[PDB]
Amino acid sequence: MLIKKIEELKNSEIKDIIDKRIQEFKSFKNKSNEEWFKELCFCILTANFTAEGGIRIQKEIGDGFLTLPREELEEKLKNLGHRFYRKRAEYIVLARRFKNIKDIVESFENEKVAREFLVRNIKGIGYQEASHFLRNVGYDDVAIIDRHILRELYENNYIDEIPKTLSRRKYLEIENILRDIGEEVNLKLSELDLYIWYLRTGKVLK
């Protein structure tokens, strides 16, 4: 079933948007360290939150993610109506240790290894949001596994149950099921995601 649904989206004029988006990421090969970092923050802000809200907050704050004091930045987040302003603001500041994120990430063996580094070395980033970062900046063979695509995987029965938790072991299992699915629909991991996400919500945000 899921296969069928995606097949027709690849046909529908939705495929036209997903690739203005997929390439919207690829262009990060020509973006600055601040931009890349601003994307990392977007991921940190997105966890257990809303994409729309995340987009606003990002555009509204801009390079404030990289110049605002912990107390001043914290307040702005309070303004734009973010669920968790205290915590997420703490992560932003703390993350500045790696403000040259583009150079740090582009220097790893691959993407699977780079993801490993962000998780354990950035408070606020698990596998969900690291995969999200990598993707949003050009990376194809990583999967983002949040509530939604979980739901489409439990629903279409690819997974037994919606895990009370997501160990690294499980994330890499599922991410693979996702990978094998994408060979049939013939999409890289970065693309597929947007497709399943769109089904679920009805928006090719990011």
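Just count from 1 along the sequence shown to find any residue number.
Relative to its counterpart among 73-81 and 122-130, 73-81 has the higher mean temperature factor, C-alpha atoms as listed in the PDB entry.
Higher average CA B factor: 155-163, of the stretches 155-163 and 41-49. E116: CA B factor in the lowest third of modelled residues in this chain (values from the PDB entry). Remark: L66 belongs to the highest third of its chain, ranked by C-alpha B-factor as recorded. The PDB entry assigns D19 a C-alpha temperature factor belonging to the highest third of its chain's modelled residues.
Residue-level temperature factors show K31 in the highest third of its chain, judged at the C-alpha atom. Compared with the other modelled residues of the chain, the Cα B-factor recorded for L194 ranks in the middle third.
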